[PDB]
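Quick notes on the structure that follows.
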2 protein chains.
Amino acid sequence: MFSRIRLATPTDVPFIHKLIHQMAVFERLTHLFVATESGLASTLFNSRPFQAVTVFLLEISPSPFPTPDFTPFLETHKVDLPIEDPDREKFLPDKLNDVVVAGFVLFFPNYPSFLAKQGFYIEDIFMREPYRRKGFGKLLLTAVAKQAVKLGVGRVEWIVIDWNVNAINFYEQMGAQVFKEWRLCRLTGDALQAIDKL
Amino acid sequence: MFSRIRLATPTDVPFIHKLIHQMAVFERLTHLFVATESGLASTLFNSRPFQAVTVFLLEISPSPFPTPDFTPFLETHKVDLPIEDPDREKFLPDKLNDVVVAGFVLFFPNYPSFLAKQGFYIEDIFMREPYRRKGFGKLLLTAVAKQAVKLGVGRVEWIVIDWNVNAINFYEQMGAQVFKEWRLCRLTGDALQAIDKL
Ligand SMILES: CC(=O)SCCNC(=O)CCNC(=O)[C@H](O)C(C)(C)COP(=O)(O)OP(=O)(O)OC[C@H]1O[C@@H](n2cnc3c(N)ncnc32)[C@H](O)[C@@H]1OP(=O)(O)O
Ligand SMILES: CC(=O)SCCNC(=O)CCNC(=O)[C@H](O)C(C)(C)COP(=O)(O)OP(=O)(O)OC[C@H]1O[C@@H](n2cnc3c(N)ncnc32)[C@H](O)[C@@H]1OP(=O)(O)O
Ligand SMILES: [Ca+2]
Ligand SMILES: [Ca+2]
Ligand SMILES: [Ca+2]
């Protein structure tokens, strides 16, 4: 079984939208979800890949995939027993070919200022449920890491909520340092508007 | 006293460099500090202000300051006592004017994907020690917030380490939500290089 990691283009926004929604449901944050296709198309592609928000999609096929600062990551391995994907038809870029979008990673440049250089921050990493625990999720993280090297990015960072012990353990196994003694701070859209009123 | 918040340009790199170093010393992370003037100049200005890494400087004068997309935030207040700055001469953009760089805030676009829209992430906010607890630090945070509104950015976020009770309390008082149940994750430059091999 074969996989491909590629940059997302505007025609992928339906898939991104659906993946983000699935993530919100999984994380119990559906009430915060206001994203739309028009919204995503309106904001995801205002800069070059890797200059700002950037998305890799991971696609799977039983067949080999046929062939700017980027070439798609190809990889192949075995899976023990057959995948059962109820949402398969919702994740088909081209309805002819047996290529399914199984997950994504959404990231952007951050700036660890002690290094005086850009890093990458991973906002989202998500494998659809039928495709978890088969070695695909590590390919997504590895893709971001390898890309970072290719562009001389110094560091890759993200956060995780401590109820998500499975993701914590995944990250540990991937060789990530995990620092619990940080707190996430936020001025919401409403907090900002209130501050603006001064 | 009079204050001004403005965008940093390349000629400010010495001040930024020194402020970052002061922050590293304060945070007990000097061993991670590898930033140089050439490094900062090489990375801080490869994109338009607000498209990527962006820096505001806060400057203070006993005299009023000189009369697209950004205009400097001016403000005037009173200080209970005269300020004693031992490093004054290291933070003078011009030398003609009695204008001193007292702090900065370094931030960039993030992407809260449930909003399908950019936010701002504040990496660093720092007032030099002579200038703390006099109402200047809030002007820095307010500048980022007001700018976010002006550009229709949805959210402003950052993290804080839980030994830093003073900063935690500052943020709370500024109306920020503070979520302790998150952990910071990191693949270092060495972790990446290791992932790149094999
Ligand atoms: C909240 C935030 O800000 S960040 C986190 C965002 N949310 C998430 O990522 C969780 C969403 N739910 C999911 O299940 C995620 O899609 C995933 C990525 C964790 C799914 O798992 P995958 O990534 O496919 O795991 P993958 O198989 O690549 O794991 C790589 C290897 O690490 C190891 N590993 C995986 N999970 C674990 C675990 N829980 N404990 C220990 N080792 C593990 C295994 O050796 C695995 O190889 P395997 O295929 O033989 O199991
Ligand atoms: C994202 C990051 O970089 S996080 C970690 C680094 N950030 C830091 O803030 C730590 C660096 N060390 C410092 O001392 C910082 O320069 C600062 C920002 C805390 C300096 O303080 P300032 O920001 O100048 O404080 P400022 O005078 O603006 O305070 C504004 C209001 O906030 C509140 N406040 C300020 N400090 C505190 C405090 N220690 N406890 C409670 N409330 C406070 C008060 O209401 C204050 O008004 P008041 O003094 O009349 O009560
Ligand atoms: Ca996320
Ligand atoms: Ca910082
Ligand atoms: Ca924590």
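Order of listing sets the numbers, starting from 1, for every ligand and every atom in it. Below, chains carry the letters A, B, ... as their sequence lines are ordered, and counting in each starts from 1.
In this structure, the protein non-hydrogen atom closest to atom 49 (O) of ligand 1 is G135(A) N, 3.0 Å. Scanning the protein for heavy atoms near atom 10 (C) of ligand 1, the closest one is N164(A) ND2, 3.6 Å. Here the protein heavy atom with the shortest distance to atom 6 (C) of ligand 2 is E27(B) OE2, 3.7 Å. Ranking the protein heavy atoms by distance from atom 20 (C) of ligand 1 puts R132(A) CG, 3.7 Å first. For atom 30 (C) of ligand 1, the nearest non-hydrogen atom of the protein is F170(A) CE1, 3.6 Å.
Checked against a 3.5 angstrom limit, the closest N/O atoms of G137(A) and ligand 1 fall inside it. The shortest N or O to N or O distance between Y131(B) and ligand 2 is not below 3.5 Å.
For the 3.5 Å distance criterion, the side chains of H17(B) and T36(B) fail to qualify, holding no donor opposite an acceptor. With hydrogens and angles left out, the side-chain atoms of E75(A) and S3(A) include a donor and acceptor closer than 3.5 Å. A side-chain donor-acceptor contact under 3.5 Å links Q51(B) and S47(A).
Between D85(A) and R128(A), at least one side-chain nitrogen of the basic residue sits less than 4.0 Å from a carboxylate oxygen of the acidic one, meeting the salt-bridge criterion. The residues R88(A) and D98(A) are annotated as salt-bridged, a charged nitrogen and a carboxylate oxygen being separated by less than 4.0 angstrom.
By the criterion of a heavy-atom distance under 4.0 Å, neither the backbone nor the side chain of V165(A) is placed next to ligand 1. The part of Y171(A) lying near ligand 1 is the side chain, judged by heavy-atom distances below 4.0 Å. Counting heavy atoms closer than 4.0 Å to ligand 1, residue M23(A) contributes nothing at all.
Judged by the shortest distance from any of its heavy atoms, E172(B) lies outside the 4.0 Å radius around the atoms of ligand 2. Judged by the shortest distance from any of its heavy atoms, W158(A) lies outside the 4.0 Å radius around the atoms of ligand 1. The shortest separation from a heavy atom of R128(B) to ligand 2 is not under 4.0 Å, leaving the residue out of contact.
Annotation: cation-pi geometry not satisfied between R6(B) and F104(B) (NZ/CZ under 6.0 angstrom from ring centroid, within 45° of ring axis). Stacking of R155(B) on the aromatic ring of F114(B) is not recorded, the 6.0 Å distance cut-off and the 45° axial limit not both being met.
Atoms of ligand 1 found under 4.0 Å from any heavy atom of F126(A) (numbered from 1 in listed order, with element): 16 (O). Atoms of ligand 1 found under 4.0 Å from any heavy atom of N169(A) (numbered from 1 in listed order, with element): 38 (C), 39 (N), 40 (N), 41 (C). With ligand atoms numbered from 1 in the order given, ligand 1 contributes 1 (C), 2 (C), 3 (O) to contacts under 4.0 Å with heavy atoms of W182(B). Each of the atoms 16 (O), 24 (O) of ligand 2 lies under 4.0 Å from some heavy atom of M127(B). Under a 4.0 Å criterion applied to the non-hydrogen atoms of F26(A), ligand 1 contributes the atoms 10 (C), 11 (C), 12 (N). Proximity to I122(B) (heavy-atom distance under 4.0 Å) selects the following atoms of ligand 2: 1 (C). Close contacts of ligand 2 with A167(B), meaning ligand atoms under 4.0 Å from a residue heavy atom, involve 8 (C), 9 (O). In the vicinity of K138(B), heavy-atom distances shorter than 4.0 Å reach the ligand 2 atoms 28 (O), 30 (C). Taking every heavy atom of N166(A) and a limit of under 4.0 angstrom, the matching atoms of ligand 1 come to 19 (C), 39 (N).
Closest to atom 7 (N) of ligand 2 by heavy atom, among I125(B), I159(B), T142(B), is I125(B). Considering each of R133(A), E129(A), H77(A), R183(B), the one bringing a non-hydrogen atom nearest atom 45 (O) of ligand 1 is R133(A). In this comparison of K134(B), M174(B), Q173(B), the heavy atom closest to atom 33 (C) of ligand 2 sits on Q173(B).
The environment of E129(B) atom CD is sparse: at most 12 non-hydrogen atoms of other residues, nucleotides or ligands sit within 6.0 angstrom.
There is no protein heavy atom less than 4.0 angstrom from atom 47 (O) of ligand 1. The protein does not reach atom 17 (C) of ligand 1 closely, with no heavy atom under 4.0 angstrom from it.
The Ca ion (ligand 4) forms the vertex of an angle spanning OE2 of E123(B) and OD1 of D124(B); to the nearest 10 degrees it equals 110°.
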### Query
Between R183(B) and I159(A), is a side chain to side chain contact (heavy atoms under 4.5 Å, CB included) present by the stated rule, with each step listed?
CA-CA 6 Å; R183(B) 308 187 181 162; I159(A) 64 180; over 6 Å; no
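No donor-acceptor distance shorter than 3.5 angstrom exists from the side chain of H77(B) to the backbone of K134(B), with no hydrogens or angles considered. With hydrogens and angles disregarded, no donor-acceptor distance shorter than 3.5 Å links the side chain of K138(B) to the backbone of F136(B). Judged by distance alone, with hydrogens and angles left aside, the side-chain atoms of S113(B) form no donor-acceptor pair with the main-chain N or O of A116(B) at under 3.5 Å. Side-chain atoms of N97(A) never come within 3.5 Å of backbone atoms of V99(A) as a donor-acceptor pair (strictly under, hydrogens ignored). In terms of modelled atom types and a separation under 3.5 Å, the side chain of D12(A) and the main chain of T9(A) share a donor-acceptor contact. Side-chain N or O atoms of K95(A) include one that pairs as donor or acceptor with a backbone N or O of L92(A) at under 3.5 Å.
The Ca ion (ligand 4) has no N, O or S atom of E27(B) inside 3.0 Å of it.
Ring orientation note: the planes of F108(B) and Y121(B) are close to parallel, at an angle under 30° on the 30°/60° scale.
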